[PDB]
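Asker: I'd like to ask you about the structure that follows.
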Amino acid sequence: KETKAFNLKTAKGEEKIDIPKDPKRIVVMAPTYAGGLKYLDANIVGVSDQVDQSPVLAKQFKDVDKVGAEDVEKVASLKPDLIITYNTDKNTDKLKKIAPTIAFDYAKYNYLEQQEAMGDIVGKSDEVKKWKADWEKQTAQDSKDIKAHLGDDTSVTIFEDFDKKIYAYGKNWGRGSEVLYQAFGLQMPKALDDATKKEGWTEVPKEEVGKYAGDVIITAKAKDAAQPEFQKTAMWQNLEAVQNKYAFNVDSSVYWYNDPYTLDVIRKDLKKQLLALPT
Ligand SMILES: [Cl-]
Ligand SMILES: [Cl-]
Ligand SMILES: [Cl-]
Ligand SMILES: [Cl-]
Ligand SMILES: [Cl-]
Ligand SMILES: [Cl-]
Ligand SMILES: [Cl-]
Ligand SMILES: [Cl-]
């Protein structure tokens, strides 16, 4: 079948990967890219079973075969003509034997560039252009509405409570970061910027939560989890955001991703909760 070169951004620059001109049987092992390809009605025949842990993505993949993270034999059984994964995938060499494989270095694409790459893969760059323009126009208005309510210089911090540890995020690591820092243009506290610049995110020792706190503090957590321990302390209660009642929780399983489906949901939810402040 006809091929085309997909130009993958990597540490080494650009890596040309020959893929089908029109991919007919895509297996998406990296859930980051699943929503975006689905949004573009890509020919997906297998998807990481991780999508089922997001309420947003689960409803979009009900009739697609689910694949275990290391189940190479499942991937092979689906007879893919294209495989999408992360460069962290231990099995990349095995996957390349099955089909053309794009193992994304996630951090090389911001969330809009990422969806543009999905458009390039499936030959729907026009659709992405329209989606992008609509997204920028909507979130530009959202930004004005939110900054008018809270203040133009409003900063925000995203914590995630996960497996009894605390994480904080840079501007493009999901958990609402793309919407908050890029689309809405809210500020990131300097200390948090510095702590997340190199890797895009960081674990936060529990004693250091206050060092990274901004005007607004958003905690991503599981709906079925009890209150995080770090929200109980005197340190927490004395944060200006917490005193101003500018602190709220969001559903981490909804907020993990940065695909167009997740983006629509989190844009709406974040705008609602920000405009409802103070709590
Ligand atoms: Cl062909
Ligand atoms: Cl090439
Ligand atoms: Cl070739
Ligand atoms: Cl073709
Ligand atoms: Cl730290
Ligand atoms: Cl700790
Ligand atoms: Cl400790
Ligand atoms: Cl320290």
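Convention: chains lettered A, B, ... in structure tokens order; per-chain residue numbering from 1; ligands numbered from 1 as shown.
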Can you work out which residues are within 8 Å of ligand 5, considering only C-alpha atoms and all ligand atoms, and then hand them over as a list in words?

Answerer: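 Using only C-alpha atoms and all ligand atoms, everything at most 8 Å from ligand 5 comes to residues 195, 202, 203, 204, 205 and 208 of chain A.
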
Asker: Output C-alpha atoms for every residue in that selection, as a PDB file, in the first residue's frame.

Answerer:
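Wrote it out as part37.pdb, contents follow:
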ATOM      1  CA  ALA A 195      10.553  22.747  39.783  1.00  0.00           C
ATOM      2  CA  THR A 202       7.525  16.763  39.723  1.00  0.00           C
ATOM      3  CA  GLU A 203       6.837  14.785  42.857  1.00  0.00           C
ATOM      4  CA  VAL A 204       6.304  17.187  45.775  1.00  0.00           C
ATOM      5  CA  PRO A 205       7.455  16.160  49.233  1.00  0.00           C
ATOM      6  CA  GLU A 208       6.967  21.457  50.639  1.00  0.00           C
TER       7      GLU A 208
END

Asker: Where in stretch 15-111 of chain A does DSSP assign strand (DSSP E or B), given as a PyMOL selection string?

Answerer: chain A and resi 15-20+26-28+44-48+66-67+82-86+101-104

Asker: Name each residue within 10 Å of ligand 1, counting only C-alpha atoms and all ligand atoms, as a list in words.

Answerer: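 So, counting only C-alpha atoms and all ligand atoms, the residues near ligand 1 are residues 1, 2, 3, 20, 21, 22 and 23 of chain A.
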
Asker: Would you mind exporting the chosen residues as a JSON list (two decimals), in the first residue's frame, restricted to N, CA and C atoms?

Answerer:
[["chain", "number", "residue", "atom", "x", "y", "z"],
["A", 1, "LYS", "N", 0.82, -1.21, 0.00],
["A", 1, "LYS", "CA", 0.00, 0.00, 0.00],
["A", 1, "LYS", "C", 0.86, 1.27, 0.00],
["A", 2, "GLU", "N", 0.31, 2.35, -0.55],
["A", 2, "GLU", "CA", 0.94, 3.68, -0.57],
["A", 2, "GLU", "C", 1.48, 4.04, 0.82],
["A", 3, "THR", "N", 2.71, 4.57, 0.89],
["A", 3, "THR", "CA", 3.26, 5.06, 2.17],
["A", 3, "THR", "C", 3.52, 6.56, 2.14],
["A", 20, "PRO", "N", 1.53, 4.03, 6.55],
["A", 20, "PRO", "CA", 0.56, 4.05, 5.46],
["A", 20, "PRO", "C", 0.08, 5.46, 5.16],
["A", 21, "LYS", "N", -0.14, 5.78, 3.89],
["A", 21, "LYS", "CA", -0.76, 7.04, 3.52],
["A", 21, "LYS", "C", -2.14, 7.16, 4.14],
["A", 22, "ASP", "N", -2.88, 6.05, 4.11],
["A", 22, "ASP", "CA", -4.18, 5.95, 4.76],
["A", 22, "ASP", "C", -4.23, 4.74, 5.70],
["A", 23, "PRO", "N", -3.86, 4.95, 6.97],
["A", 23, "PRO", "CA", -3.83, 3.83, 7.90],
["A", 23, "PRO", "C", -5.21, 3.21, 8.11]]

Asker: Pull the alpha helix (DSSP H) assignments for stretch 63-224 of chain A out of DSSP run on the backbone, and list those residues as an NGL selection string.

Answerer: :A and (72-77 or 92-98 or 111-122 or 125-150 or 177 or 190-196)

Asker: Okay, now the selection with C-alpha atoms, as a PDB file, in the first residue's frame?

Answerer:
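Saved result, out-v9.pdb, follows:
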ATOM      1  CA  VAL A  72       2.606  -7.690  22.141  1.00  0.00           C
ATOM      2  CA  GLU A  73       0.905 -10.901  21.030  1.00  0.00           C
ATOM      3  CA  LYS A  74      -2.465  -9.118  21.258  1.00  0.00           C
ATOM      4  CA  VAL A  75      -1.093  -6.288  19.114  1.00  0.00           C
ATOM      5  CA  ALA A  76       0.148  -8.824  16.559  1.00  0.00           C
ATOM      6  CA  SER A  77      -3.207 -10.659  16.532  1.00  0.00           C
ATOM      7  CA  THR A  92       9.368  -0.882  20.788  1.00  0.00           C
ATOM      8  CA  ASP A  93      11.772  -3.183  18.921  1.00  0.00           C
ATOM      9  CA  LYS A  94       9.216  -6.041  19.008  1.00  0.00           C
ATOM     10  CA  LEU A  95       6.417  -3.738  17.817  1.00  0.00           C
ATOM     11  CA  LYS A  96       8.477  -2.515  14.840  1.00  0.00           C
ATOM     12  CA  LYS A  97       8.579  -6.145  13.631  1.00  0.00           C
ATOM     13  CA  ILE A  98       4.755  -6.217  13.582  1.00  0.00           C
ATOM     14  CA  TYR A 111      -1.032  19.719  23.150  1.00  0.00           C
ATOM     15  CA  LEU A 112      -2.006  21.586  19.970  1.00  0.00           C
ATOM     16  CA  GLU A 113       1.061  20.369  18.015  1.00  0.00           C
ATOM     17  CA  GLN A 114       0.128  16.904  19.250  1.00  0.00           C
ATOM     18  CA  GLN A 115      -3.334  17.015  17.679  1.00  0.00           C
ATOM     19  CA  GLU A 116      -1.790  18.439  14.516  1.00  0.00           C
ATOM     20  CA  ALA A 117       0.443  15.355  14.436  1.00  0.00           C
ATOM     21  CA  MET A 118      -2.660  13.149  14.731  1.00  0.00           C
ATOM     22  CA  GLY A 119      -4.109  15.031  11.773  1.00  0.00           C
ATOM     23  CA  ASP A 120      -0.924  14.393   9.810  1.00  0.00           C
ATOM     24  CA  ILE A 121      -1.049  10.653  10.526  1.00  0.00           C
ATOM     25  CA  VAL A 122      -4.600  10.168   9.255  1.00  0.00           C
ATOM     26  CA  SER A 125      -5.027  18.347   8.773  1.00  0.00           C
ATOM     27  CA  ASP A 126      -8.002  20.454   7.581  1.00  0.00           C
ATOM     28  CA  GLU A 127     -10.213  19.058  10.359  1.00  0.00           C
ATOM     29  CA  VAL A 128      -7.588  19.830  12.997  1.00  0.00           C
ATOM     30  CA  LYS A 129      -7.185  23.389  11.674  1.00  0.00           C
ATOM     31  CA  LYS A 130     -10.948  23.964  12.150  1.00  0.00           C
ATOM     32  CA  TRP A 131     -10.943  22.357  15.604  1.00  0.00           C
ATOM     33  CA  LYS A 132      -7.916  24.435  16.624  1.00  0.00           C
ATOM     34  CA  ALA A 133      -9.465  27.712  15.467  1.00  0.00           C
ATOM     35  CA  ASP A 134     -12.695  26.951  17.331  1.00  0.00           C
ATOM     36  CA  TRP A 135     -10.776  25.978  20.467  1.00  0.00           C
ATOM     37  CA  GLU A 136      -8.668  29.148  20.422  1.00  0.00           C
ATOM     38  CA  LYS A 137     -11.679  31.420  19.926  1.00  0.00           C
ATOM     39  CA  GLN A 138     -13.655  29.740  22.734  1.00  0.00           C
ATOM     40  CA  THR A 139     -10.818  29.670  25.265  1.00  0.00           C
ATOM     41  CA  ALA A 140      -9.813  33.251  24.462  1.00  0.00           C
ATOM     42  CA  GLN A 141     -13.272  34.308  25.641  1.00  0.00           C
ATOM     43  CA  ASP A 142     -13.089  31.977  28.634  1.00  0.00           C
ATOM     44  CA  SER A 143      -9.753  33.563  29.617  1.00  0.00           C
ATOM     45  CA  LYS A 144     -11.261  37.049  29.605  1.00  0.00           C
ATOM     46  CA  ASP A 145     -14.272  35.885  31.651  1.00  0.00           C
ATOM     47  CA  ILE A 146     -12.090  34.162  34.258  1.00  0.00           C
ATOM     48  CA  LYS A 147      -9.510  36.944  34.574  1.00  0.00           C
ATOM     49  CA  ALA A 148     -12.271  39.547  34.927  1.00  0.00           C
ATOM     50  CA  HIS A 149     -13.650  37.522  37.840  1.00  0.00           C
ATOM     51  CA  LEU A 150     -10.442  36.555  39.635  1.00  0.00           C
ATOM     52  CA  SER A 177      -2.423  22.177  32.825  1.00  0.00           C
ATOM     53  CA  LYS A 190       7.819  30.925  39.733  1.00  0.00           C
ATOM     54  CA  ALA A 191       8.933  28.212  42.175  1.00  0.00           C
ATOM     55  CA  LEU A 192       6.582  25.721  40.547  1.00  0.00           C
ATOM     56  CA  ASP A 193       7.791  26.705  37.075  1.00  0.00           C
ATOM     57  CA  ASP A 194      11.397  26.082  38.102  1.00  0.00           C
ATOM     58  CA  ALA A 195      10.553  22.747  39.783  1.00  0.00           C
ATOM     59  CA  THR A 196       8.668  21.443  36.701  1.00  0.00           C
TER      60      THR A 196
END

Asker: Using only C-alpha atoms and all ligand atoms, what are the residues with an atom within 9 Å of ligand 2, set out as a ChimeraX atom specification?

Answerer: /A:4-7,15-18

Asker: Which residue is closest to residue A:220? Choose from A:31, A:174, A:151, A:100 and count only C-alpha atoms.

Answerer: A:174

Asker: To one decimal place, how far is atom CA of residue A:85 from atom CA of residue A:32 in Å?

Answerer: 8.9 Å

Asker: Counting only C-alpha atoms, figure out which residue out of A:79, A:267, A:272, A:164 gets nearest to residue A:227.

Answerer: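 Nearest candidate to residue A:227 out of A:79, A:267, A:272, A:164: A:164.
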
Asker: Could you jot down the atom CA of residue A:124 to atom CA of residue A:262 separation for me, Å, one decimal place?

Answerer: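 Atom CA of residue A:124 sits 19.7 Å away from atom CA of residue A:262.
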